[PDB]
Amino acid sequence: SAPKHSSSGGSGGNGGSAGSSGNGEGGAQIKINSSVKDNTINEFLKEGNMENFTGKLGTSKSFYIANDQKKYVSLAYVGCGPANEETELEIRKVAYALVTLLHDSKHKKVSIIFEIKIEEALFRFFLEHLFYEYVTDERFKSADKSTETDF
Amino acid sequence: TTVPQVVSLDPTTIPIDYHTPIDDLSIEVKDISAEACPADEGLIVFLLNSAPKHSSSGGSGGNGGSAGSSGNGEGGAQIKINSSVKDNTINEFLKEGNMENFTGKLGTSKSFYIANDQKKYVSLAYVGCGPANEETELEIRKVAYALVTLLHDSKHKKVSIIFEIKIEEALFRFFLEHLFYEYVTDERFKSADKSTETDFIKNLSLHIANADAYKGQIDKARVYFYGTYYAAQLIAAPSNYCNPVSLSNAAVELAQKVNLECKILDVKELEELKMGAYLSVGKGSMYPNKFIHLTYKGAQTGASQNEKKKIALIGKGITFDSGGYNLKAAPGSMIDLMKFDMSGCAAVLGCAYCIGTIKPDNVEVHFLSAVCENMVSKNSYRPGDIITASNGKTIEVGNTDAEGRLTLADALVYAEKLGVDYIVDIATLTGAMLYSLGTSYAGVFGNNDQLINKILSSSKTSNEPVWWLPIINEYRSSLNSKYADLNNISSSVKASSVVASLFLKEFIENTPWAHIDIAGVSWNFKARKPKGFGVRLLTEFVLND
Amino acid sequence: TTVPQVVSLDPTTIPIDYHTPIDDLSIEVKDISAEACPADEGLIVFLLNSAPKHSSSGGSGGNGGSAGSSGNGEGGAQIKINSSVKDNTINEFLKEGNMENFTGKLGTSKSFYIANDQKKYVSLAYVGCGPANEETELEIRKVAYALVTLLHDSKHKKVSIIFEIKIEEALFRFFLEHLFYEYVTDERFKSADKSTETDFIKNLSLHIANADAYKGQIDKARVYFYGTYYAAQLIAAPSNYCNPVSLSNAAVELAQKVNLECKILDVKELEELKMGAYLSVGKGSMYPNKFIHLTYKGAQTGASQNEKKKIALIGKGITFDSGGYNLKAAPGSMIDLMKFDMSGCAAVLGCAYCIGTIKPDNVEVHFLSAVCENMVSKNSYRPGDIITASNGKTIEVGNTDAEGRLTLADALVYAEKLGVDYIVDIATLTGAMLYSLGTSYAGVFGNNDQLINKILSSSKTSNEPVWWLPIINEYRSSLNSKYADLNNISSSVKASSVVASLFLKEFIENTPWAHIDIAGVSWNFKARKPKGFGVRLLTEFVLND
Amino acid sequence: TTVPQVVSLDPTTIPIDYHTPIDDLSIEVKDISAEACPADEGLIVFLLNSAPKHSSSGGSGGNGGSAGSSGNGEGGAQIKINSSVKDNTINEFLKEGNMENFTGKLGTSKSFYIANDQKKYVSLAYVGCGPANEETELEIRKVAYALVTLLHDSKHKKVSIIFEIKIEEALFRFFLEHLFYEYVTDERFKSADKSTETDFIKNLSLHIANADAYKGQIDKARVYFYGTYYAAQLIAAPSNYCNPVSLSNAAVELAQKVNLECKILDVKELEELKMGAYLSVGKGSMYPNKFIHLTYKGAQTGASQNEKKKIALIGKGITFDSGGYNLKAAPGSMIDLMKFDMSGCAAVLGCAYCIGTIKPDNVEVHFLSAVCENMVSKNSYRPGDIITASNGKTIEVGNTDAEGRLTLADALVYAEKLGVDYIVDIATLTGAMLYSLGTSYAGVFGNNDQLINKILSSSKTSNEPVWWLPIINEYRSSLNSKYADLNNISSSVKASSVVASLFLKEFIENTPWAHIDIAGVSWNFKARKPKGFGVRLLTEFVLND
Amino acid sequence: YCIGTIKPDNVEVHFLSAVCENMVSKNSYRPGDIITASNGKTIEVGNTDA
Ligand SMILES: [Mn+2]
Ligand SMILES: [Mn+2]
Ligand SMILES: [Mn+2]
Ligand SMILES: [Mn+2]
Ligand SMILES: [Mn+2]
Ligand SMILES: [Mn+2]
Ligand SMILES: [Mn+2]
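Residues numbered from 1 in each chain as written, not as in the entry; some residues may be left out. Chains lettered and ligands numbered in written order. Part of a larger assembly, values for the part shown. Heavy atoms only, no water. Residues with missing side-chain atoms left out of burial classes, pairs and counts.

### Remarks on the overall build of chain B
How we decide: Comment: elements are numbered from the N terminus, with helices defined as DSSP H or I runs of at least four residues and strands as E runs of at least two. Only heavy atoms matter for contacts: two residues are in contact if any of them lie within 4.5 Å across the pair.
Per the secondary structure count, chain B includes 12 helices and 22 strands. Along the first, second and third principal axes, the C-alpha atoms of chain B reach 80 × 55 × 55 Å. In chain B, of all internal contacts separated by at least 6 residues, the share reaching a separation of at least 24 is 80%.

### Some thoughts on the overall build of chain E
Convention followed: Just to be clear, the radius of gyration here is over C-alpha atoms, and the globule rule we use is 2.2 Å times residues to the power 0.38. For every accessible area listed, the method is Shrake-Rupley and the probe measures 1.4 Å; residues are considered covered only by the protein chains on display. Two residue types count as positive, namely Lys and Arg, and two as negative, namely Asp and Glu; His and chain ends fall outside the count. Think of each charge as sitting on NZ of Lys, CZ of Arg, CG of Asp or CD of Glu.
In terms of helices and strands, chain E carries 1 helix and 2 strands. In chain E, the succession of helices and strands from N to C terminus is α-β-β. Whereas a compact globule of 50 residues would reach a radius of gyration of roughly 10 Å, chain E reaches 18 Å, over 25% beyond that. Its C-alpha atoms give chain E principal-axis dimensions of about 45 × 25 × 15 Å. With the model as given, the accessible surface of chain E reaches about 4200 Å², and the carbon-plus-sulfur share is 54%. Here chain E contributes 4 positive and 6 negative side-chain charges, whose respective centroids are spaced 6 Å apart.

### Quick look at the domain arrangement of chain B
Residues and elements named next belong to chain B. Threshold: As annotated, the domain borders come from an automatic or database domain assignment. Polarity classes work like this: nonpolar for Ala, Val, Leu, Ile, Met, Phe, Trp, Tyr, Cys and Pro, charged for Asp, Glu, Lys and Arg, and polar for all others, with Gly in that last group.
Under the domain assignment used here, chain B contains domain 1 (21–221) and domain 2 (222–543). Here the C-alpha centre of domain 2 lies 37 Å away from the C-alpha centre of domain 1. Listed per partner, the contact involves 23 residues of domain 1 and 23 residues of domain 2. Those elements that provide at least two residues to the side of domain 1 that touches domain 2 are α2 (137–151), α3 (169–183) and α4 (217–236). Among the residues making up the side of domain 1 that touches domain 2, the classes are represented as 12 nonpolar, 1 polar and 10 charged.

### A few points about the pairing of strand β4 (residues 124–128) of chain C
Residue and element names in this part refer to chain C. Defined as follows: Burial status follows relative accessibility: with a 1.4 Å probe on protein chains alone, a residue under 20% of its type maximum counts as buried, one over 50% as exposed, and anything between as partly exposed. Note on pairing: two strands pair once DSSP finds at least 2 bridges between them.
Counted residue by residue, β4 has 5 buried out of 5 residues, so it is predominantly covered. Pairing between strand β3 (residues 107–112) and β4: 4 bridges, direction antiparallel. If you follow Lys110 over to β4, its bridge partner there is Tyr126.

### A short note on the coordination of the manganese ion (ligand 3)
Residues and elements named next belong to chain C. Rules: Donor atoms (N, O, S) are those found within 2.8 Å of the metal centre, with the cutoff raised to 3.2 Å for Na, K and Ca; water is not part of the atom list, so apparent gaps in a site can occur.
Coordination of the manganese ion (ligand 3) by the protein is provided by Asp321 (OD), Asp401 (O), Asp401 (OD) and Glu403 (OE), with metal-donor distances spanning 1.8 to 2.7 Å. The sequence motif formed by the donor residues of the manganese ion (ligand 3) is D-x79-D-x1-E. A separation of 3.5 Å is found between the manganese ion (ligand 3) and the manganese ion (ligand 4), which share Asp321 as a coordinating residue. Classification of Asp401 as partly exposed rests on a relative accessible area of 21%. By relative accessible area, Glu403 is classed as buried at 0%.

### Focus on the side chain of C:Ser522
Residue and element names in this part refer to chain C. Just so we agree on the cut-off: Polar contacts here mean pairs of N or O atoms no more than 3.5 Å apart (in protein, one a potential hydrogen donor and the other a potential acceptor; neighbouring residues in sequence count only if both atoms are side-chain atoms).
Along the chain, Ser522 falls in the loop between β18 (513–517) and β19 (523–524). A polar contact of 3.1 Å, which involves the side chain of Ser522, links it to the backbone oxygen of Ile518. Dropping the residues within four chain positions of it, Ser522 is found in contact with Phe340, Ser343, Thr428, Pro530, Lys531, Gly532 and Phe533.

### Describing the coordination of the manganese ion (ligand 1)
Ideal donor angles around a metal are set by the shape: a four-donor tetrahedron calls for 109.5 degrees, a six-donor octahedron for 90 or 180 degrees. All names here are of chain B. Coordination of the manganese ion (ligand 1) by the protein involves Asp321 (OD), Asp401 (O), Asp401 (OD) and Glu403 (OE), with metal-donor separations of 1.7 to 2.7 Å. Read in sequence order, the donor residues for the manganese ion (ligand 1) give the motif D-x79-D-x1-E. Between the manganese ion (ligand 1) and the manganese ion (ligand 2), a spacing of 3.5 Å is present, and a bridge between the two is formed by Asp321.

### With respect to the nonpolar core
To keep it simple, the criterion reads: As used here, the term nonpolar core means buried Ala, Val, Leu, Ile, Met, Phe, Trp, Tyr and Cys residues forming a set that is joined through side-chain atoms within 4.5 Å.
Grouped together as the largest cluster of nonpolar side chains are 117 residues, with contacts concentrated most on B:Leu47, B:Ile161, B:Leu313, B:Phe367 and B:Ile516. Per-element accounting of this core gives the leading share, 12 residues, to α4(B). D:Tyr241, D:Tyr296, D:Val348 and D:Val466 belong to the second largest nonpolar core, which has 110 residues in total.

### Description of the interface of chain D and chain B
Often, the extent of an interface is quoted as the loss of accessible area on bringing the components together. Heads up, the condition is: Buried surface area refers to the total accessible area, computed with a probe of radius 1.4 Å, that the two partners give up upon joining, counted for both partners together. One speaks of a salt bridge when a side-chain nitrogen belonging to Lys or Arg is within 4 Å of a carboxyl oxygen belonging to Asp or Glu.
Between chain D and chain B, the residue contacts involve 32 residues of the former and 34 residues of the latter. Approximately 2700 Å² of surface area, both sides summed, lies buried where chain D meets chain B, with 58% of it carried by carbon and sulfur atoms. On the chain D side of the interface with chain B, the three residues burying the most area are D:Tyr325, D:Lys378 and D:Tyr483, jointly 29% of the side's total. Of the charged contacts in the structure, one is a salt bridge between D:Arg382 and B:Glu373, with a shortest N-O distance of 3.7 Å. On the surface where chain D and chain B come into contact, there are 11 residue pairs in polar contact. Of all the secondary structure elements, the ones that give two or more residues to the side of chain D that touches chain B are α6 (267–272), α7 (276–282) and β13 (394–396) of chain D. It is α6(D) that provides the largest number of residues to the side of chain D that touches chain B, a total of 3 residues.

### Comments concerning the sheet that holds strand β12 (residues 386–388) of chain D
Either a parallel or an antiparallel arrangement is found when strands of a sheet pair, and the pairing is made through backbone hydrogen bonds. Residues and elements named next belong to chain D. Spatially, 3 strands are ordered β12-β13-β17 in an open sheet, and the strand pairing comes out mixed. The outermost strands of the open sheet, each flanked by one partner alone, are β12 and β17 (486–487). Here β12 pairs with β13 via 3 bridges, running antiparallel. Of the residues in β13, the one forming a bridge with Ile387 is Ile395.

### A short note on the interface of chain B and chain A
Opposite the 16 residues of chain B that make contact, chain A presents 18 residues. Broken down by secondary-structure element, the contributors of at least two residues to the side of chain B that touches chain A are β3 (107–111) and β5 (118–121) of chain B. Classifying every residue of the side of chain B that touches chain A by side-chain character gives 5 nonpolar, 5 polar and 6 charged.

### Section: the packing of helix α3 (residues 169–183) of chain D against helix α4 (residues 217–236) of chain D
All names here are of chain D. We apply this condition: To get an axis, fit a line to the C-alpha atoms, keeping to the stretch in contact for a helix; angles then go from 0 to 180 degrees between the N-to-C directions. Here is the rule for angles: anything less than 35 degrees is roughly parallel, anything more than 145 is roughly antiparallel, 65 through 115 is roughly perpendicular, and the remaining ranges are oblique. By convention the crossing between two helices is left-handed if the near helix lies anticlockwise of the far one by an angle smaller than a right angle, and right-handed if it lies clockwise.
The contact between α3 and α4 brings their axes to 9 Å, and the two run at 45 degrees. Judged by the angle between their axes, α3 and α4 are oblique. Handedness of the α3/α4 crossing: right-handed. Contact with α3, carried on its side by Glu169, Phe172, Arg173, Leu176, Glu177, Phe180 and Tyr181, involves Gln217, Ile218, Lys220, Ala221, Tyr224 and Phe225 of α4 and no other residues of that element. Here the contact of α3 with α4 is composed, by residue class, of 8 nonpolar, 1 polar and 4 charged.

### Brief notes about the pattern of salt bridges
A side chain of one charge can pair with a side chain of the opposite charge when the charged atoms of the two come close. Residues and elements named next belong to chain A. Scanning the model with the defined rule gives 58 salt bridges over all chains in all. A salt bridge links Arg139 to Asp137; the nearest nitrogen and oxygen atoms lie 3.1 Å apart. Residue class for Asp137 comes out partly exposed when judged on its relative accessible area of 30%.

### Looking at the environment of C:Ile16
For C:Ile16, the location among the structural elements is in the segment before β1 (26–31). Counting along the chain gives 159 residues from C:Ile16 to C:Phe175, while the straight-line C-alpha distance between them is 24 Å.

### What to know about the relation of the copies chain D and chain B
Put simply, the test is: Only the C-alpha atoms enter the least-squares fit used to superpose the copies.
Mapping chain D onto chain B is achieved by rotating through 120 degrees and translating by 0.0 Å along the same axis, at an RMSD of 0.7 Å. In the structure described here, the two chain copies are related by an operation that fits a three-fold rotation axis. Of every C-alpha in chain D, the one belonging to D:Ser377 sits nearest the axis of rotation, 2.7 Å from it. Of the residues that chain D buries at the interface, just 12% are likewise interface residues in chain B, meaning the two copies contact each other through different surfaces.

### As for the UniProt feature "domain: Cytosol aminopeptidase" (unreviewed entry) in chain B
The condition that has to hold: UniProt positions are given in the numbering used here, feature names are shortened, and annotations may be inferred rather than shown by experiment.
The UniProt record annotates "domain: Cytosol aminopeptidase" (unreviewed entry) at residues 399–406 of chain B. Taken as a whole, residues 399–406 of chain B contains 38% helix and 0% strand, while its terminal C-alpha atoms sit 11 Å from one another.

### Observations regarding a nonpolar patch on the surface
As a reminder, the rule being used: Within this analysis, patches are made of residues with over 30% relative accessible area and no salt bridge. Like charges are joined at 9 Å or less; nonpolar side chains (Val, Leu, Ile, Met, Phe, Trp, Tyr) at 5 Å or less.
Taken together, the side chains of A:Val110, A:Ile112, A:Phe114, A:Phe123, A:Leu127 and A:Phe131 make up a nonpolar region of the molecular surface, amounting to roughly 490 Å² of accessible area. Under the relative-accessibility criterion, A:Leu127 is labelled partly exposed at 30%.

### Regarding the packing of aromatic side chains
Residues and elements named next belong to chain C. Filter applied, for reference: The pairing test for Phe, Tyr and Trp rings, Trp by its six-membered ring, is centres within 6.5 Å, and the orientation test on the planes gives stacked under 30 degrees, edge-to-face over 60, and tilted for anything in between.
Scanning the entire structure with this criterion turns up 66 aromatic pairs over all chains. Here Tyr422 and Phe541 contribute two aromatic rings whose centre-to-centre distance is 6.3 Å and whose plane-to-plane angle is 75 degrees, an arrangement assigned as edge-to-face. Separated by 119 residues along the polypeptide, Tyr422 in strand β14 (residues 422–427) and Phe541 in helix α12 (residues 535–543) bring together distant segments of the chain. On the accessibility criterion, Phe541 (3% relative accessible area) is buried.

### A word on unusual backbone geometry
For residues besides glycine, phi is generally negative; the peptide bonds are generally trans as well. One non-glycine residue, A:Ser20, lies in the positive phi region at around 60 degrees. The topology assignment puts A:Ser20 in the segment before β1 (58–63). Here C:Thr108, not a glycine, exhibits a phi torsion of approximately 40 degrees, which is positive. For C:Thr108, the location among the structural elements is in strand β3.

### Digging into the sheet that holds strand β1 (residues 26–31) of chain D
Residue and element names in this part refer to chain D. Overall, mixed pairing links the 6 strands, which are arranged β1-β6-β5-β2-β4-β3 in an open sheet. In this open sheet, the two edge strands, each paired with only one partner strand, are β1 and β3 (107–111). In this sheet, neighbouring strand axes are inclined to one another by 20 degrees on average, regardless of whether the strands run parallel or antiparallel. Helix-sheet contacts for helix α2 (residues 137–151) involve β2 (44–48), β3, β4 (125–128) and β5 (158–163), and the interaxial angle to β4 is about 155 degrees. Packed onto the sheet, α3 meets β1, β2, β5 and β6 (203–208) and runs at close to 155 degrees relative to β6.

Written out as structure tokens, the structure is:
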């Protein structure tokens, strides 16, 4: 999340409550990206296509868009919360929002971009909880048994 | 009339939004044989049926219909968008499908912003509806819920929905109404996120096959939606906001703007009608008892071409139900949700709005409700008290928490003296409806088979699930009292809904009567909000007489 | 097979009376056109209706017909005039002013020993039936109950009953059956009061108007009485007498005396059928699991006379239901009455007797029942266990007290593999039926409307009240399990009967199926005895197919 | 202001003893290097540690100072009082050990009247303290309890206590205070047993080693004792004596006698502050809502000597807690002890006495408390009501028994507008603290680590056990409401204290804040009296700023 | 009634009864209240149902 201490669409905290209606001047969530393509790597780049994201926590926005050659790529945005208020609860919620995007068999190759500043232990924990949410337990099902090769 | 206050910070009015964002929504229905939507569009949704094969090797198929081969899972086919959207270099992508992992079970949407012939992103979407012709009201509710979760992105001022499914016209109307009901949120009691901005939708273009048979449902869906939303707004209001006087004022103000004859009765004129059972329930409250009596008189289009059906609709109308001295102390008593015990009255008032707007002909509806509170105080009625109703029968109050059937008894005796043909009451009477029909069907009892058949035929059209339940005259002696004429509860019978209708059947003399028990279906427990159940059912009942 | 014993004083058999006082009771039906009764016959009963209507103050019958000029009771004279001069010319000298102050509301008998023509006393009586045409099954039950209380005087070896009421033929048959059921007493478990004596009746004359339309119901009433009496004898037997082994032995004996194909399945052949859900319930018992499979093959009276309907009737069959590790410890759990949890199996066995005696044509019935106990021990199944049914689906046991639907699931998968047209399960499944329909109506669920209509039309004739209840597919996702295919109970739905029917609907593939929930209507709580519910219903269903 | 009365025998004041036996008790501390006590004395006590023996196989010495140590009760030594005594009739009566039975575990007193130089019996005694250095607050409480049971003999006007144990100075002060607290008895509500007599002590000599480091604690112990005794007198007063009006009168009187600025706020000025959450709780009472606001302004000893710390201390103050419409009906609800629900307010008032007497410098404390009742009547607030706090947030009342956090919310919004550096609440908030820390430790929550460290460091010195508990922001979404800003209780989280702290954290904007949950540690259940918990803790917190 | 009708001799009966209700209101006595009787003894109300 870009802004801080405002109340028109979110909660503040009064670390300075000088207006900021709609966050007022807290800004957008423009990303410092280097995605090499042009079509789907310019809007999700310097340009602005952040229509209603407002990344509270979870609240993803997946979309299959064609990246400069062909082949809709399904770029996505996932919300993590304020800039440095990242704890294990935030990481668990983000991993849960991210595996709900991964449950589409169309993806055999995934790229995750960390525009957030987190520790190394928290990075390890993000990886582990991503794996833990991704892998499902199917040992006691009659149908739904033979795990497909779409991971 | 003035609402009594304990402190000066008490509320004096129910806040009501008489103007919804749906009033500004411009809707239009075009035949699916010419779309031309995506070129300069904002959002496009596709409702697609799943294609489950003769059996599922992992696809959750069910039975062996005409075969049981079940190859490749359920590989009988794959979903393909059988309509092209005339945006010529868009409909190309429509013929290619690009259906990567959709498998439209139910809900399970896939929002995606493919670019148009401009660096604009349209956010085309696909929403799953289920098998090809197994579309009921549950499917429609789930699809509307999945579709409003895509609408909560303020980027869209013009939505466009494409119906690749084959549904009825009543189901189409119900889809529209439930879409509106999910879309509009209640923000009357918030402090932040209060002032609504310009983020809502301004256009809604629906594309369906044979659209001229559907474009008569638009105005009916707007009226039905607002009736349901008004009712849900009354139910969701807390009891420090919705008291008997506040609700009386709301009914007056509603009848003022739908041009109904309002007539509120006070305790002075309730004592002259001998309404002792209704008065004993409201004794122990700080708010006076208010009896609402609205009236819609249709325009006589035919002197003898028809007969003027006179109907009386009655609601429970208990703004808070603590149980009285039989206090709701047990586990699972749901005393925190007992603000919804006026759901029948709210349904009657919503249907009053609906019928004052539609204005049917050759009909006369009486909208009755005995509003009161069931509170504990020193003026409360006590378990064991003997009260006299308006027809003369004496009732022993074996349970102060069975208070709705007393106010309904007095209201029924009042309704029979008006001279109506049908009496239909609707009430959140018994908590036993949750163990019998659950949270999806409302039970209907009665003393006339033609009236119950009319109510069921109107439940078909309005898509409000009603199931006919029996009035078992074998438990009638369990209401026998040693000293009074009746007891209000059963001694050693646990079918509380059947006993409640047996009790209420003793106050109807010679009139066709039915009772709709909505105790289980009023509150949506998972969403924590009211459903507004009953408005569309009662409206479609009145309109088809 | 041999019943296991903990101590040598354990019982090894269910005591069954195969010969009732009714077997030697000579019945006869003669037209009321000639009585010739009073020649010294121990008892003479008169069934008389209430004379007036539409009044109150001692004859309260609601309002709606005239409601005017009651004066001193009813609007008219309000006294009954007995026809049927009783062909003596000196007993008809008593049809003048007896005037019958009993005013026969319902029951209200009045016995009296007038003298006939010499110094013997005939004990003529009058019994009240109610209004002149509002005669239902409840009235008939109450009249039979009042009439046996006059029959418990050993002075009567001959009885004459006079029907001055106008009733149907099916209701006349039901009156006969319920009279027999009230008359005979269960004396199998007494120490004194054991040796039955001559005191029973030896003749029974029934005088009815146009009796030739009724005298075909006599044999059917005898067969139906004994089927119901056999079922009630099985249900009334305690669990140290009625265990799975004793019950399978009783079924073998029954099939021997009515010439059915008996086939009991032991645990060895149930393990090869993969009946894991039925075996897990019976794990923690000291008695082996027994699967009864009787078969009636009707005589093919014609090759292409009809289509041979093949029916499978299934009963629950849990000889004792403790709850397992979800022990029945809560108040109102009725654990001392849980011997009645084999009422479905007992109804199926009584119907087996009825159909083996009647021997219909062009029908093939399969009488299935998976018999076990639900005990607490160290070998019992636990809450959370995952078991596999015989069709493959795994089931998570979220509640060990929901054990009837698991054994019924396995029995249903077995019945579907026989190749039948209809499956009808009957079971005391959910204790929630007591809050939905109470103790008088059984609820029927199903997946086919023609089969449910057949069951309702056969409940009309057998006079066993059945009410059609809905299978609500909205609650199907509350049976979803994280690890198994289904859970056996619902997370956050209290409609227990609808959820049980949803669970059982998952084990039927492509067959018309219905399920009768008799949990509430099989035990007569006021009389502390079983009703035998379901025998006549199932028999009339089979006989009309 | 005047206390309202239902009957004329209603009490109109809280009886308070402003003069205790301790005020007349002359205390003196002299070094143990010269006792000279028993020369013309009345009572002498000796506090002696358990003599260390071994890994005791004769009493279970506990852990492994040695493996087994081969001691078994006689491991290393026995006890010997090696300090002094003056009169050598008894001085040389204990020099030869003379114990022979003692083994001073904990408590375990042995009083005995030996003559000395007269026939005067002096009643020298011995009290056990435990191991030689494991002296904590629990040991000191037990020793003081055993020592007052020897003081309840009126023969003693002089007492000498000999400290042969090695303890700190804060623990010596705590010993003095708890001795005084056990000694004085509350006799305000007796009929006999009222008129206190001369029997109390008039002198108290304490002989300790290096006594000049201890004789500064005497005045602090007297002030702390009276603060705790005042608080316990308020808590022990029943609710017909301690109502909001009586309590605000008591606060006015206290502020008058310790020279604080009293300021009581009535309902008129609370309606203008928009304190709707605090007024809704007190709606249904017969007593008006009172808001106590005392103020201590320390003498600015220097202009820029320090920064003048401004502290706000807040107490819960619910003179009787019935639960409201969520009545305390369940078992173990302790509704007869709910008079102690003003223990936070009483601790704040006792601390007000302590700080008005000590008069620290460079500090400004605000003693706030929102006093009301939580009663059931016809004017009370109901479950589901939506109320507005004085900062604008709306609150849905999902439970009327969670009333302390609403009044605390309003008091916190009031305290933040004063402009303080620290806010500290103290409240008997959640009955769940009994399952988490029991009856000995109070839990402290907070939003600042330096403030919590200050509270813990002041619990070290005051010897009131406090344990730091976490505010878990993961449960914040369980307080989300559909219609209001927050709910006052949690949907599906049972950690009630963490949820209460999460709720209160929503009404603090930018101020260091901490909250002490004393629900479990304020009532001594075994002695059936209040502890007075929190007075010494809050005083030592304020004095060390 | 029976004794006013029979009218026995050499007897004097006092028929006493303290009539009241035990209701829940905002004027009710609470669990824990301490009340004084007519002989002076104070009573702690540990249970309002007794
Ligand atoms: Mn109620
Ligand atoms: Mn109610
Ligand atoms: Mn069970
Ligand atoms: Mn069972
Ligand atoms: Mn409380
Ligand atoms: Mn409290
Ligand atoms: Mn009592």
